[PDB]
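Chemist: Sequence first, structure after, both from an experimental entry:
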Amino acid sequence: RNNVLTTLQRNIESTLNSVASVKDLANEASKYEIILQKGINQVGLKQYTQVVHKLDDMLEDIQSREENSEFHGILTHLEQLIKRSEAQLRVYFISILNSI
Amino acid sequence: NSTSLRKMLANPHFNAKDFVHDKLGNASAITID
């Protein structure tokens, strides 16, 4: 049953956005420039990191798409919010890992 | 046919996720809603 999650709901939950559209990812990715620019501790553990799986997994099948202008602009907005998030992550890592 | 499509095609992603945009990719975005 953990395999039923881990096989069926795993790649089912992955291929939710097997086809998914172009503008909506800019909309809710911009809403993850809302929520990803709320910090970590406001947002929370799998909240923050799973939203990183939502832009990670919103940059996801776009390598599978085609080249319009919104393709490149969403590559910029996505990947720069990605590395803002990653920098904030390692900041928080080091922030507690010499809190001693 | 969400049993056939949802259950039988992309639940384990066999076959791949882009063919649903390709083998079912001709002006059927209503059916994708």
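Modeler: Now that the structure is in, tell me what you want to look at. Numbers count the residues shown, from 1 in each chain, chains lettered A, B, ... in the order given.

Chemist: Spell out which parts of chain B neighbour chain A.
Modeler: Within reach of chain A by Cβ under 8 Å from any Cβ of the partner chain, chain B has these residues: B:6, B:10-13, B:16-18, B:20-21, B:24-25, B:29, B:32. C-betas here are computed from N, CA, C, even on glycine.

Chemist: can you list those residues in TSV and add neighbour count and secondary structure?
Modeler: Shown next, in TSV, are the residues of chain B next to chain A (neighbours: other Cβ atoms under 10 Å in any protein chain shown; DSSP: H, G, I helix; E, B strand; the rest coil):
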residue	neighbour count	secondary structure
B:6	13	helix
B:10	21	coil
B:11	18	coil
B:12	15	coil
B:13	15	coil
B:16	15	coil
B:17	21	coil
B:18	16	coil
B:20	19	coil
B:21	16	coil
B:24	14	coil
B:25	13	coil
B:29	9	helix
B:32	13	helix
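
Chemist: and which of the residues you listed is nearest to residue A:16?
Modeler: residue B:10 (8.5 Å; Cβ to Cβ).

Chemist: Of all the residues in the helix or strand encompassing residue A:32, which ones are buried?
Modeler: Following DSSP states H and E, one finds residue A:32 within helix A:23-35. Of all the residues in helix A:23-35, those buried under the rule 16 or more other Cβ atoms under 10 Å in any protein chain shown are A:25-26, A:29, A:32-33.
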